[PDB]
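In case you want the letters, here they are:
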Amino acid sequence: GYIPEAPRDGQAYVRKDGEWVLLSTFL
Amino acid sequence: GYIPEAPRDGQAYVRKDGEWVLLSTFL
Amino acid sequence: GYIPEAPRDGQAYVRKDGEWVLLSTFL
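Here's what I pulled together on the structure shown here. (Residues numbered from 1 in each chain as written, not as in the entry; some residues may be left out. Chains lettered and ligands numbered in written order. Heavy atoms only, no water.)

On to the interface of chain A and chain B, then. It is common to give the size of an interface as the accessible area lost on bringing the parts into contact. Across the contact, 12 residues belong to chain A and 15 residues belong to chain B. Along the contact surface separating chain A from chain B lie one salt bridge. When the shortest N-O distance is used, the salt bridge between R15 of chain A and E5 of chain B registers 2.3 Å. Applying the counting rule to chain A against chain B returns five residue pairs in polar contact. Broken down by element, the side of chain A that touches chain B gets its largest block of residues, three residues, from strand β1 (residues 13–16) of chain A. In terms of residue class, the side of chain A that touches chain B is built from seven nonpolar, two polar and three charged. Pairing of β1 of chain A with strand β1 (residues 12–16) of chain B involves two bridges; the strand directions are antiparallel. Its bridge partner being in β1 of chain B, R15 of chain A is matched across the sheet by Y13 of chain B. (Contact = heavy atoms within 4.5 Å. Salt bridge = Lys/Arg side-chain N within 4 Å of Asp/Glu carboxyl O. Polar contact = N/O pair within 3.5 Å; in protein donor to acceptor, adjacent residues only side chain to side chain. Helix = DSSP H or I, 4+ residues; strand = E, 2+ residues; numbered from the N terminus. Nonpolar A, V, L, I, M, F, W, Y, C, P; charged D, E, K, R; others polar. Pairing = 2+ DSSP bridges.)

The following block contains the structure:
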């Protein structure tokens, strides 16, 4: 399987539950 | 040249060495 | 609408702005 691209808002995302979550949420 | 989808267990993954690595492992 | 694969040099990347950023940059 392959994931879909993450938003381009200059924010970092992590790949969780098929979605892009802000890395900062893990910070 | 895209990456494959990460697990959907509610965990966050980072993209390293062609694999999904638990973000929490980096925290 | 998927993202392209990150480097396979054992470094973890975060998805931000259509690019792979090192997770350690967030650590």
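The next subject is the nonpolar core. The biggest cluster of nonpolar side chains holds 13 residues, and the ones touching the most others in it are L23 and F26 of chain A, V14, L23 and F26 of chain B together with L23 of chain C. Looking at this core, the elements that each hand over two or more residues are β1 of chain B together with β1 (12–16) of chain C. Judged by nonpolar contacts, the second largest core, of 12 residues, contains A6 of chain A, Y13 and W20 of chain B together with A6 of chain C. (Core = buried A, V, L, I, M, F, W, Y, C linked by side-chain atoms within 4.5 Å. Buried < 20%, exposed > 50% of the residue type's maximum accessible area, 1.4 Å probe, protein only.)

Before going further, it helps to examine the relation of the copies chain C and chain B. Expressed as a screw operation, the relation of chain C to chain B combines 0.1 Å of axial shift with a rotation of 119°, fitting to an RMSD of 0.2 Å. Expressed as an axis order, the relation between the two copies is that of a three-fold axis. Across chain C, the smallest distance between a C-alpha and the rotation axis is recorded for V14 of chain C, namely 3.4 Å. (Least-squares fit on C-alpha atoms.)

In short, shape yes, function no, at least from these values alone.
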